[PDB]
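As C-alpha cells, the next two blocks hold two forms of the same chain, structure 1 and structure 2.
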Structure 1
C-alpha cells in the first residue's frame, strides 16, 4: 500500500516537520541547507533580443561554451537575466516529491514529467577531507546507521549529507537508473547535482547508480527490482 508523500516546501517549517516525522508522515529530521558547508571568464553566446526572448529562444543553450564544459555562467553573462545556464545558483530544481518506499526508506519521485537531461537537485552537505571522511565512516558504522549519505566531489572533498543536506539525500539506488550525478563548476568551485538520463514520467521514482566504496562492511541487499539487478549496493 502506497506510503505517505511530501513536497519540498514541507521541509522549510522545522516545527511542523518534527511533528509530521513523529506520526511517520515525513522522514526523520536533518538540518536543511541550500549550499555546501566546508567543515575546514564569460561565454561567447550572442545576447538574445527582446523579440527572441518573447519568441521563446533559449539563452546559453547547448552551444554555450560554459555549458559545454559543465561551467555555470555568472551574473556577468552576455545574456544577463535570461541565461538558462545558472540552474545551481538559481535553484532551478525539477518538481519532485519525497515518498516512503516499501523497503528502501524514503525516496524521490517526479511530480511532473521530466525530460531527458533535466537538472533535478544539487547534492548538498558537509564537505569533508579524506581524514574526516574515514573518521565518519567509522563513527556511522559504530552508531549502526542504516542509510549512507556520502558523495565523492573531488580529491580530498567528500560531501556528507547524513546530518546536513537537502532532499537530494533521499535519492535511492537502482541497477537500471533514470538519473546520474554531474559535477559542475560554479564560481571556480565544484558542485554535484542529479540529472535525469531519460524521460521520467510523472509519479516515477528517481534513481541513480550509487557508486560507494564498501569498506569491508556486510553487503546491503538491493531492492531496485530491475530485471538486471546486481543484488547488492555499492560500487
Structure 2
C-alpha cells in the first residue's frame, strides 16, 4: 500500500537509556521487558583474581613520546590537567549506544561521528590466569553459552567479561571491521581498549576482528553482512608456510 510519514508516537512508559546501566533497579526492570540486555556486574576497572618531552601549552598530541609508545601520561605530565593522553585513566570513552541486532544479539553503535584512532571504550573484565581460564572454558561449554567474552591481554592473562565488565562486552565481530584493540601501559599496567580504525559515522555499528574466536577450533555462522565475509567465524588458522 501507499506509505506515509508516521504520526509522532511517545511511549506508554519511560524508555531505557545508557545511564540505566549504572542504575541496577531500572536495568533489571528494562531487561525483564527485553529493552536491555541480561544483567552483568558493571565494573570501572579490571578485577585481578615515563615523562614525555611535550612543552607545557592539543596537549600531548600525535608527537608525544609517551603516546607514540602506547604509554599514558601520569598526573605529573608537563601539560597537567589538559593532557589529552590520559584517556583510560579519565575514562574518556566515545559516545556509544547499545543496540539489539537481528542475528548477533546486542551490539554497540557510534552516537556521534568518530574519527580514525578514536578511543571507544576500555575492555574491562576479570583477569584470569591459565588455570582459571581453562576452568571457565569448560564451564561455559557445559552451560551451552551462546556468546563469548574472552580477550587475551598478555600471554598468561585473559580478560573474561562474561560476568563482570562494561558495555565493550557487546562488541560484535566483522570480517571487515571498523575498530581494533590497542594495548596501552597505564601506570605500569597493561590495559586493552577498542579504537576506531577509520572514520565511523554516527549510527554505525562498531565492530572488530574477534581474534579469540576466529582462530579457535570450532566455528559458527558469521552474520556480519560484509561484502567479503568469510562465511563463518572460527576454525581458522593464521597464515603459515609449512614443513
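Residue numbers count along the first chain shown, from 1. Just so we're on the same page, rigid core means the largest C-alpha set that superposes within 1.5 Å between forms. Residues that one form lacks are left out of the comparison.
- Taking the rigid core as fixed, one finds a CA shift for residue 214 of 2 Å or more between structure 1 and structure 2.
- Taking 2 Å as the criterion, residue 7 counts as shifted between structure 1 and structure 2: its C-alpha moves by at least this amount when the rigid core is aligned.
- The shift recorded for the CA atom of residue 227 between structure 1 and structure 2 is 1.1 Å, with superposition on the rigid core.
- The rigid core superposition between structure 1 and structure 2 gives a CA shift for residue 97 of 0.1 Å.
- 1-8, 213-218 make up the set of runs between structure 1 and structure 2 where every Cα shifts by 2 Å or more, each run at least three residues long, with the core as reference frame.
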